[PDB]
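Here you get one chain, nothing else, as structure tokens; it is the form deposited in one PDB entry.
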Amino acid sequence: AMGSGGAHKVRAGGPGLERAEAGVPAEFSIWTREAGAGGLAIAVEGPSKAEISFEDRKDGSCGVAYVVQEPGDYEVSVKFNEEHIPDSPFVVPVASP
């Protein structure tokens, strides 16, 4: 475990939390400048395995690119210190190109 912090203070945004395409990296960002010390957990659950990568932009935010291969309805969960951030999980329809 890392932290007992403000998951309620974390914001998220980006197209990857609205829609995605199969085999195409979906991107969004997580704003944690207000939360402080804690761990970030990103899970994408649906009809296929997800490959999730992250990259701290060292400005209070962290960019996240994920790719799923099967079109369908996925849920993107973003948890800070093992608690959901506001509006998590995110329902994301993934379609074909």
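Shifts are known only where both forms have a C-alpha. Rigid core here is just the name for the largest C-alpha set that superposes within 1.5 Å across the two forms. Residue numbers here begin at 1 and follow the sequence given.
Peer 1: Determine, from the deposited record, the chain-internal third of the Cα B-factor for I30: lowest, middle or highest.
Peer 2: Lowest third of the chain for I30's C-alpha B-factor.
Peer 1: Sorting by Cα B-factor within the chain, modelled residues only, which third would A7 end up in: lowest, middle or highest?
Peer 2: According to the entry, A7 has a C-alpha B-factor in the chain's middle third.
Peer 1: Thinking about Cα B factors across the chain, which third does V68 belong to?
Peer 2: Its C-alpha B-factor belongs to the highest third of this chain's values.
Peer 1: Can you work out whether the C-alpha temperature factor of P47 puts it in the lowest, middle or highest third of the chain?
Peer 2: As the PDB entry reports it, the C-alpha B-factor of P47 lands in the lowest third of its chain.
Peer 1: Using only modelled residues of the chain, where does the Cα B factor of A41 rank: lowest third, middle third or highest third?
Peer 2: Its C-alpha B-factor, which the entry lists for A41, ranks in the lowest third among residues of this chain.
The same protein also exists as the form solved in complex with a partner chain; that form is not shown, yet it is the one meant from here on.
Peer 1: Is there a heavy atom of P71 lying 4.5 Å or less from a heavy atom of its partner chain in the deposited bound form?
Peer 2: No, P71 is distant from the partner.
Peer 1: Listing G72, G60, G39, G63 as candidates, which single one shows a C-alpha movement of 2 Å or greater between this form and the one not shown when the core is held fixed?
Peer 2: Shifted by 2 Å or more: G60 only.
Peer 1: Core-aligned, C-alpha shift of at least 2 Å, runs of at least 3 residues: can you list them between this form and the one not shown?
Peer 2: Run found: 57-61, no others.
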